[PDB]
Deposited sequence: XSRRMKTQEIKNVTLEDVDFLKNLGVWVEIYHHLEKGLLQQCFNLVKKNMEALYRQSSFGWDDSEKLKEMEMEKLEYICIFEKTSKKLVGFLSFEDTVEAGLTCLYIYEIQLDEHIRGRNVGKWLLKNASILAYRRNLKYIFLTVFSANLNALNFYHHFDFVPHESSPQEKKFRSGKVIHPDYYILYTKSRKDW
């Protein structure tokens, strides 16, 4: 058929039939649910990268004390449908919120929930006197790459760069390090 930590704008989620919670640490059950979303969304991308995928390794990462979680659940099912995780840190001398994950279940993508999570992360960062937002992204993840570009992320000086030599050597990095300034006004 090809030719026919007070969060902002919570009312937006209410209008979608979802709600948000902030976690300092994930409880055992929810840890497993978030892991399931990351694995479902990302396993293939991790596999094809130099980083690889290890279930046990991703799990331990998500348990790290430094990571804070913003989680969105469906009002009817009370199931997790998305989250954003981050740490407050420093990157090359710059104070930042470093995003580890932004993950949405398939059925809730493309409805401005990604924007909602990113915007709130950015606001939180600014209010914590964190001047930048940083993240890593796979070069092969084209949708995410363009999503970030739209929200003014650009490669940090520390990001790997494309390189081509007359010798025939071609270097395509499998990830970028992106950043942008945090902002309180959206």
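Absent C-alpha positions map to the deposited sequence ranges 1, 6-12, in order along the chain.
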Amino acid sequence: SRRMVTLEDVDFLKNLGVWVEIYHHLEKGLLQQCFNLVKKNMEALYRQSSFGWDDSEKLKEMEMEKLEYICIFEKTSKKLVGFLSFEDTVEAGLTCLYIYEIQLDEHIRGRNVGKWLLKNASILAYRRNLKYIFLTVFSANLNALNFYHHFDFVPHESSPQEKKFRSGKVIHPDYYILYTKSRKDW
From here on, numbers count along this sequence of modelled residues.
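Mean C-alpha B-factor is higher over 46-54 than over the other stretch, the pair under comparison being 46-54 and 129-137. Judged by mean Cα B factor in the deposited record, 164-172 ranks above the other of 17-25 and 164-172. The residue among 59, 34, 117, 67 whose C-alpha carries the highest B-factor in the deposited model is 59.
Among the modelled residues of its chain, residue 77 has a C-alpha B-factor that falls in the highest third, as given in the PDB entry.
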